[PDB]
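Trainee: My questions all concern the structure below.
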Amino acid sequence: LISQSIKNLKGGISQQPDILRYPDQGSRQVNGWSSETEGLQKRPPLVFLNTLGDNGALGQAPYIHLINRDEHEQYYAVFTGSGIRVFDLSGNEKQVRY
Amino acid sequence: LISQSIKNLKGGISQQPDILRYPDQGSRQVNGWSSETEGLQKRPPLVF
Amino acid sequence: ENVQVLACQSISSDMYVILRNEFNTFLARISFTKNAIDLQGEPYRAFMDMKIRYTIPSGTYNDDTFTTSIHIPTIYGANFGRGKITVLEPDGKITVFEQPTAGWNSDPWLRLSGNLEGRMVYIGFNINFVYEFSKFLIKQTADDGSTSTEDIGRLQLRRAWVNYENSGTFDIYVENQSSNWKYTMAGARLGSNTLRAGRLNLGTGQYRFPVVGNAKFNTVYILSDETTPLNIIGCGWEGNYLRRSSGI
Amino acid sequence: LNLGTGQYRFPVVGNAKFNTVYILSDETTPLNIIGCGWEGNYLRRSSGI
Amino acid sequence: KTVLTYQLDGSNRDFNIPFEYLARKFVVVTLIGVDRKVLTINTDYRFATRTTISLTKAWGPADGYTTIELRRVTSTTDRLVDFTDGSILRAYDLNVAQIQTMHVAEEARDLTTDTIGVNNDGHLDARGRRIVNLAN
Amino acid sequence: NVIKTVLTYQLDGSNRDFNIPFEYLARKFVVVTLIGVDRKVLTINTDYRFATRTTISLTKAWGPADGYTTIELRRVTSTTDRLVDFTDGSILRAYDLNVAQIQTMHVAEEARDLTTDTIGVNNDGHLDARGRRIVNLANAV
Amino acid sequence: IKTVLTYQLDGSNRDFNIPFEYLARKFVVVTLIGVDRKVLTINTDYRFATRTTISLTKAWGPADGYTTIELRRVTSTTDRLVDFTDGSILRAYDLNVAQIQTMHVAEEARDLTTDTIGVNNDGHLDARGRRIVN
Amino acid sequence: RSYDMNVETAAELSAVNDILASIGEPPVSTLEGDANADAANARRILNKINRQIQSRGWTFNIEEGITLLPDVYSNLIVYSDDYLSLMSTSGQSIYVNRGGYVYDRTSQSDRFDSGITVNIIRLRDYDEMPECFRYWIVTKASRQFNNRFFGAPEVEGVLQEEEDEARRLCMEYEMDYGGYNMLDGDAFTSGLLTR
Amino acid sequence: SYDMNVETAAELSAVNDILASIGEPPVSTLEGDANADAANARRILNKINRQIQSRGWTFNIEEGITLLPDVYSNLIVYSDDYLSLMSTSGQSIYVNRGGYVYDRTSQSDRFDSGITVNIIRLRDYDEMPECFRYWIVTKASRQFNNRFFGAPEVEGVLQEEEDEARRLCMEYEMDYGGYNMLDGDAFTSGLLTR
Amino acid sequence: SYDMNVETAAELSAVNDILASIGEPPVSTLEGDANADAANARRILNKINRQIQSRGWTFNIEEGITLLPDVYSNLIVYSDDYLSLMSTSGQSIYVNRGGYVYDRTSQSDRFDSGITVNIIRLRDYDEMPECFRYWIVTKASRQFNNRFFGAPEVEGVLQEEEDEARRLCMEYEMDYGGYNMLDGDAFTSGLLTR
């Protein structure tokens, strides 16, 4: 009769064979956050801020960059590929003249 | 009665004597690809 | 299921995510705050995706069917393709609505049971947590850090334990080749100063559950879709080990 | 396709020094070899060192 | 008191209900009549207050439908409470969980008094009826 | 069938101890009545005591003489007042849930008591009037 | 709807189906009424072929003297399926099983009407055969 | 809390608790559902041993002269799995089961007209058993569930002694209960003492 | 099986002594606070209380008591409090089938007017001689020390105590019963008549 | 050898108990899903089923049964279901040569009109007394615990169980056969004639 204990669950998915994985690693970890103090938790929940329009509004592949210039000047800028749509972090569109 | 297990087959050919080879090494490996995740596989095929 | 994720970028300890649906795109926020209630007045942090706090509009309740119904597009501004939506009242009451088969875009309405017209309901989809465990082999560290596992013997496993702290509603499924058993840790133990009628059931402890069989063929996964939190500190196992060929 | 995962235990019998094992495949299907074990009686008479 | 007949003469809409019920769907209203008729809810009877139902039109003795007999049929399959993993328990939850079963039992014990039943004296009172098919 | 909460044990002479098999939830929920020509319910300490957890000992011993052919000990669990009722901040104790669940089961077993009250079938294929008079009853045709 | 149902017995039918949502299994009792009540044991004579059928082994009939297979569900008041215990997680499956069992007892309490004397056309009380006793 | 409460419990459920107390783990609340393995295994080892303790014939178990009856149409009497033993009343039992039907080995007939009389050990449940045995069915199940799953040798070595004490008490139970007599109650030497 | 939903101060000192057996501090009330060990101790005390009464003892075996059938039912409830029904003379004929006494021999569950049976019935722990009250604890002090805290050296001392307790218990009735070989039995009392 | 290609619910509970013997979870069906352990358990149950029947037991040994030769062939098939053909009185003369009964003494494989032989024939596990049905499992519970999961401490307890099972089995026929020394045999029944 033998027993073993994995002290912490800090490692995430490992695709190495099971005979080679370290004790912490596991096969699947979805929607989880492996903190050091409490080993595994559920990810913090998404909180809805705003809806930014239809699916194609931002385009199939936008390049989105965050302009963190100041505490009050945090803005997101998306490049639709057809134009620029800038969003305040509260979700409010900021007009971009061209 | 003793048993031993070579955990991985990552090393390739070794021409050193058998009494000196490390456990992973082997005498011949032709058309094989020793990946870390799956130890030995067949080489990917040539595509014309 | 269908949420195409545009590039999130963390600002401080808060991550701002942009998603597609594909009916309407949104900006959402993830913040790793240990002890906060993400929305105002919410009874406990509810780990539900897309949390919104909606004060119900007056026109919704109908006396004849005795239901109060809220349109999903009105609540979020967008119709959603799939998912289970939990509506949490200010009190602990939770009503979970599974997706209409067509989607939540065919029929949007969430038909809450009572007459709620001035209540504030925190509505959101459910996050699904899945953590499979690596197979329970005997892993012995070498003199060096690398760990090697003894696979040269039969390890028949008899029990296993998950040590948790302040967590709830988790289900641990042990599946042998043909068995599929599920064991649920549901909260504080009866009689604890923690289990109370109106408070969240969050408890600390070790849940010992039986995993029986060859280690090589047994799989354990922990799955939780509930609104409550989860913590997993450690995991043990015991079991008979008998390698006949005394190695090395 | 018949592709499977497992341990195939096969009998290799005899002095280790004179036994050779080779794996040969010319088939269209893939191959993976993770580890290899062996067991066997060991008896050194002269208890060394 | 799951059953009580409210024999009313005119188109009287108001009929108070004294059996506390768990939901609207449990109180079923029929008019005692030459033929008993189950009046549907939205179309025919509406709950003015939880306590009082209020019928539309109300039929009558002049009509074939006569007296109105409302009663409680508390469903035994559709459980009002479904305990799930927290989901904070609610005091209101456990108490209602037990009240539904107490209600089913209490209204089922009146499906006997409609027959022979027992008077306070302790005697099984036939209501002046004739026992047929008996053997000596 | 059979009825497990109403038991009537014959009365002869000085047998003054009768046993209560049914699981009763409180000492006030068992009613002991001396059925005979006139039913007489007996009071908790003046007449019947509860010798053990499951035995009732009558003080006087009543026989066929005073009327009183049989004694019926039956269970009456109060449907109105719940023995334990949860509140918002209460610690949930395995005793409270247990007493609560045990009371509803008891109320439904009182439906077998309802079979005992009305005329209902006994072990034999015989409708049983269980020692009570069929009052009223009309006439013969 | 409905806990107590009776079938008809002919010599060669042995499979009868059970409508009610029985918890456990010990809870269904199968008594061959016939001329004289006779209870069937769990495996010697009748056996639960599917969750929803009770298949007799002997295939009784009137030739044996028994008609009208009566298979009714009697929930047990004493043998509770859930016993809460201190120090054990309050799982929701437990509370729900407790509530389901007590509501099953009450549901069968609602069937005693099928059990009693019975009212014929008019108010006539009826006793079909069944000589009143005591 | 009232002293005046007599409330009961599942004698079957309390037996499965005693098994899980023995191996060492917290009491499991409800046996229902085929998810928990420990309950299913502890319940099955309870059932699989219930059919052994009963199979060994004891005086109460052995019904005597029970008349099994043939089906009118096929004249064959079924041998169930609840019939732990079926043996002739007197000696040299002639009944065996062939294809699940009582067969008379001596006359080679599966067809019986009018019935057979035999000593059946019927299989009955934990709750119809004498307390003496209800202890011993559990504490024998408390060994094999300790054997097959929690193989620590030191507590099986403790528990063995208990199963043996239980056997001694169980045996004492019927030597009283059967009340068997050498010289006044048997078949042979009751007849010799007639004056 | 009767289950434990009531409390007693004299019984509370027994569960304290079963928690002493591991090395645990005494509880103060058996309220239901999540003390797994105390709960388990109450379980082992009750589970062993129903052995010590089951082994028949002289004060335990009520002799020649009449169980009365319920008049309308015509059957007698054979409850789980009746540890051993037996019979008064020989070849006891009563067995539990369902929950009711059944005459094994006459194949009848129906009785009119009762039975003289020798019944050993459950009595509370408190309603027990002090000699046994020690031994019910110190036998429970073994199995509770074997099922949760499996240390061998604190058990091997305890087993030597359980036996002493049993000796003292046995000594208790051989006085209390007062059993006479040649002047008090059924056979060789009749032979000594002059 | 008859091989296992059919299933039975009463037999399924036996393979569950052989998988309990290692410490494995119960199977639910013996479909053929790759459960090596269940397959091996079915093999050991069948392989030991053909011992317990082979050791002759009273209900197993059909006595005086007649095997009939096929009329045109003139030989009798001696199949693998016949565990022990023997003969009725002494010096059994029938042996299996090829697949047919051969008279060892008269050197003939050809028979006309049959033979009275005492045959022990294979019967299913289900067609077995409950006393043996336990012991066929708990003997298979040893060899399956010796061939795949070779732990010594869970075997040494099991061997002490196999023996108890054998005792109980042996007790079963010494009642069931009802064998009489001085009133029922062939020799000393004849001596007691007055």
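Convention: chains lettered A, B, ... in structure tokens order; per-chain residue numbering from 1; ligands numbered from 1 as shown.
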Which residues of chain I have any atom within 9 Å of an atom in chain H when counting only C-alpha atoms, and what is the closest pair of atoms for each, with the distance in Å to one decimal? Order the rows by chain and rising number and write it as CSV.
Mentor:
residue,atom,partner,partner_atom,distance
I:1,CA,H:11,CA,5.1
I:2,CA,H:8,CA,4.7
I:3,CA,H:8,CA,5.5
I:4,CA,H:7,CA,8.2
I:5,CA,H:5,CA,7.3
I:6,CA,H:3,CA,5.5
I:7,CA,H:3,CA,7.1
I:8,CA,H:3,CA,8.5
I:36,CA,H:26,CA,7.4
I:40,CA,H:21,CA,7.6
I:43,CA,H:18,CA,8.4
I:44,CA,H:18,CA,8.4
I:47,CA,H:18,CA,8.3
I:50,CA,H:131,CA,8.0
I:51,CA,H:132,CA,7.4
I:54,CA,H:132,CA,6.6
I:55,CA,H:169,CA,6.9
I:56,CA,H:173,CA,8.9
I:80,CA,H:127,CA,8.2
I:82,CA,H:131,CA,8.5
I:83,CA,H:131,CA,5.6
I:84,CA,H:130,CA,6.7
I:85,CA,H:130,CA,8.7
I:86,CA,H:177,CA,5.8
I:87,CA,H:177,CA,7.5
I:89,CA,H:179,CA,7.9
I:90,CA,H:179,CA,4.7
I:91,CA,H:178,CA,4.4
I:92,CA,H:177,CA,5.4
I:93,CA,H:60,CA,8.0
I:94,CA,H:60,CA,8.3
I:95,CA,H:60,CA,6.6
I:96,CA,H:128,CA,5.4
I:97,CA,H:128,CA,6.0
I:98,CA,H:128,CA,6.5
I:99,CA,H:128,CA,7.2
I:104,CA,H:63,CA,7.2
I:105,CA,H:64,CA,7.9
I:143,CA,H:22,CA,8.1
I:144,CA,H:22,CA,8.7
I:146,CA,H:155,CA,6.5
I:147,CA,H:24,CA,4.9
I:148,CA,H:24,CA,5.3
I:149,CA,H:24,CA,8.6
I:150,CA,H:155,CA,7.3
I:152,CA,H:154,CA,7.7
Trainee: Residues within 9 Å of stretch 127-129 of chain J, please, as a PyMOL selection string. Count only C-alpha atoms; anything in the same chain fewer than 4 positions from it doesn't count.
Mentor: (chain H and resi 84-86+96-100) or (chain J and resi 123+133-134+169+172)
Trainee: Figure out the distance between atom CA of residue G:8 and atom CA of residue G:70, please, to one decimal in Å.
Mentor: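 Atom CA of residue G:8 lies at a distance of 8.6 Å from atom CA of residue G:70.
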Trainee: Which residues in stretch 6-106 of chain E does DSSP call helix (DSSP H, G or I)? List them as a PyMOL selection string.
Mentor: chain E and resi 41-44+91-106
Trainee: At a cut-off of 10 Å, using only C-alpha atoms, what residues contact stretch 111-124 of chain E? Leave out same-chain residues fewer than 4 positions from it and give the result as a PDB file with C-alpha atoms, in the first residue's frame.
Mentor:
ATOM      1  CA  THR E   2     -58.845  21.665  -0.323  1.00  0.00           C
ATOM      2  CA  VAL E   3     -62.454  21.566  -1.555  1.00  0.00           C
ATOM      3  CA  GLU E 106     -53.413  17.133   3.158  1.00  0.00           C
ATOM      4  CA  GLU E 107     -55.441  17.458  -0.025  1.00  0.00           C
ATOM      5  CA  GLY E 128     -77.806   8.700   3.641  1.00  0.00           C
ATOM      6  CA  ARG E 129     -76.772   6.508   0.746  1.00  0.00           C
TER       7      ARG E 129
ATOM      8  CA  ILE F  35     -62.177   2.433  22.150  1.00  0.00           C
ATOM      9  CA  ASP F  38     -67.634   5.217  23.919  1.00  0.00           C
ATOM     10  CA  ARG F  39     -64.225   6.269  22.719  1.00  0.00           C
ATOM     11  CA  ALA F 111     -52.897   8.709   4.841  1.00  0.00           C
ATOM     12  CA  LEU F 114     -57.082   7.858   6.476  1.00  0.00           C
ATOM     13  CA  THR F 115     -57.606   4.362   5.080  1.00  0.00           C
ATOM     14  CA  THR F 116     -58.191   3.337   8.680  1.00  0.00           C
ATOM     15  CA  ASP F 117     -60.856   6.043   9.088  1.00  0.00           C
ATOM     16  CA  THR F 118     -62.942   5.331   5.949  1.00  0.00           C
ATOM     17  CA  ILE F 119     -64.212   1.841   5.118  1.00  0.00           C
ATOM     18  CA  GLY F 120     -61.310   0.176   3.378  1.00  0.00           C
ATOM     19  CA  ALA F 129     -65.386  -1.191   9.326  1.00  0.00           C
ATOM     20  CA  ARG F 130     -62.643  -1.393  11.926  1.00  0.00           C
ATOM     21  CA  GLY F 131     -64.862  -1.368  14.994  1.00  0.00           C
ATOM     22  CA  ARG F 132     -66.954   1.677  14.304  1.00  0.00           C
ATOM     23  CA  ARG F 133     -70.638   2.163  13.471  1.00  0.00           C
ATOM     24  CA  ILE F 134     -71.904   2.975  10.023  1.00  0.00           C
ATOM     25  CA  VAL F 135     -74.049   5.952  10.980  1.00  0.00           C
ATOM     26  CA  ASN F 136     -77.032   7.011   8.791  1.00  0.00           C
ATOM     27  CA  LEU F 137     -77.151   4.363   5.963  1.00  0.00           C
TER      28      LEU F 137
ATOM     29  CA  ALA G 109     -51.692   8.530  -0.318  1.00  0.00           C
ATOM     30  CA  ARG G 110     -53.740  10.174  -3.051  1.00  0.00           C
ATOM     31  CA  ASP G 111     -54.660   6.649  -4.382  1.00  0.00           C
ATOM     32  CA  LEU G 112     -56.503   5.277  -1.372  1.00  0.00           C
ATOM     33  CA  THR G 113     -59.629   6.319  -3.205  1.00  0.00           C
ATOM     34  CA  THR G 114     -58.986   3.542  -5.710  1.00  0.00           C
ATOM     35  CA  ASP G 115     -58.605   1.562  -2.528  1.00  0.00           C
ATOM     36  CA  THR G 116     -61.853   2.280  -0.479  1.00  0.00           C
ATOM     37  CA  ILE G 117     -65.531   1.385  -0.601  1.00  0.00           C
ATOM     38  CA  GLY G 118     -66.401   3.284  -3.727  1.00  0.00           C
ATOM     39  CA  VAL G 119     -69.346   5.279  -4.948  1.00  0.00           C
ATOM     40  CA  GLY G 123     -74.388   8.412  -4.294  1.00  0.00           C
ATOM     41  CA  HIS G 124     -74.737   4.734  -3.671  1.00  0.00           C
ATOM     42  CA  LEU G 125     -71.863   3.415  -1.697  1.00  0.00           C
TER      43      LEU G 125
END
